[PDB]
Structure formats: structure tokens, C-alpha cells
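Q: Sharing a structure, written as C-alpha cells. Questions coming.
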Amino acid sequence: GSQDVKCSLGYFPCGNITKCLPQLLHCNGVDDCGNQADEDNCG
Ligand SMILES: [Ca+2]
């Protein structure tokens, strides 16, 4: 029954926003999530 939960394999959610992007854009130094959550202290 749950819907829009987590992202499929090979993708990750920006956080509390409904959206998923490939690891390629993860900490890639590019604005995409909008809230800059993926670029938040990437380490
Ligand atoms: Ca990014």
C-alpha cells in the first residue's frame, strides 16, 4: 500500500521531497534536488 517511498535501486531520494536521481548526480557538484540536500555535507 505505501507509495512514493524511497527510490528504486541505483537512485536515491533528495529527502522530504518527492524526487529520485541516479548516483551519477549524487554529490556531483550540480544543483538538482533544489534544496541542495544531495550536496549537503557530502563529505
Ligand atoms: Ca547534485
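Naming works like this for the C-alpha cells: A, B, ... for the chains as they're shown, residue 1 at the start of each chain, ligands 1 onward in shown order.
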Write out as a tab-separated table the residues of chain A that have any atom within 8 Å of an atom of ligand 1, one row each with the nearest atom pair and its distance in Å to one decimal, counting only C-alpha atoms and all ligand atoms, sorted by chain and then rising number.
A:
```
residue	atom	partner	partner_atom_place_in_ligand_line	distance
A:25	CA	ligand 1	1 (Ca)	4.6
A:26	CA	ligand 1	1 (Ca)	4.8
A:27	CA	ligand 1	1 (Ca)	4.8
A:28	CA	ligand 1	1 (Ca)	4.8
A:29	CA	ligand 1	1 (Ca)	5.2
A:30	CA	ligand 1	1 (Ca)	4.2
A:31	CA	ligand 1	1 (Ca)	5.2
A:32	CA	ligand 1	1 (Ca)	5.5
A:33	CA	ligand 1	1 (Ca)	6.9
A:36	CA	ligand 1	1 (Ca)	7.3
A:38	CA	ligand 1	1 (Ca)	5.6
A:39	CA	ligand 1	1 (Ca)	5.7
```
Q: Determine, counting only C-alpha atoms, which protein, DNA and RNA residues have an atom within 8 Å of an atom of residue 14 in chain A; residues of the same chain fewer than 3 positions away are not included. Present the result as a ChimeraX atom specification.
A: /A:17-21,33,37-38
Q: Please, could you write that set of residues out with C-alpha atoms as a compact mmCIF listing (two decimals), in the first residue's frame?
A:
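Written file, result-v3.txt:
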```
# COMPACT_ATOMS: atom_id res chain seq x y z
CA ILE A 17 10.89 15.96 -1.46
CA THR A 18 9.19 13.55 -3.90
CA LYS A 19 12.06 13.04 -6.38
CA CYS A 20 14.77 10.48 -7.18
CA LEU A 21 18.06 10.84 -9.11
CA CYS A 33 17.26 18.40 -5.76
CA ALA A 37 20.07 18.28 0.11
CA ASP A 38 22.18 15.89 -2.00
```
Q: Using only C-alpha atoms, which residue out of A:8, A:16, A:23, A:2 lies closest to residue 35 in chain A?
A: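 Checking each of A:8, A:16, A:23, A:2 against residue 35 in chain A, counting only C-alpha atoms, the winner is A:16.
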Q: Can you check which residues of chain A DSSP gives as strand (DSSP E or B) on the backbone and send them as a list in words?
A: residues 11, 12, 13, 20, 21 and 22 of chain A
Q: For the selection you just gave me, I'd like the residues written to a file as a compact mmCIF listing (two decimals), in the first residue's frame, keeping N, CA, C and O atoms.
A:
```
# COMPACT_ATOMS: atom_id res chain seq x y z
N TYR A 11 19.11 4.61 -7.43
CA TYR A 11 18.61 6.00 -7.28
C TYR A 11 18.38 6.31 -5.80
O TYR A 11 18.20 5.42 -4.99
N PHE A 12 18.40 7.57 -5.44
CA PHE A 12 18.19 7.93 -4.01
C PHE A 12 17.32 9.19 -3.93
O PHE A 12 17.40 10.06 -4.76
N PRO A 13 16.49 9.27 -2.92
CA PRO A 13 15.59 10.44 -2.70
C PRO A 13 16.35 11.67 -2.19
O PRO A 13 17.32 11.55 -1.47
N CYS A 20 13.65 11.45 -7.28
CA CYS A 20 14.77 10.48 -7.18
C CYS A 20 15.77 10.74 -8.32
O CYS A 20 15.39 11.06 -9.42
N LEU A 21 17.04 10.60 -8.05
CA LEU A 21 18.06 10.84 -9.11
C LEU A 21 19.16 9.79 -9.00
O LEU A 21 19.45 9.29 -7.94
N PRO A 22 19.76 9.45 -10.11
CA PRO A 22 20.85 8.43 -10.17
C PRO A 22 22.07 8.85 -9.35
O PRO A 22 22.32 10.02 -9.14
```
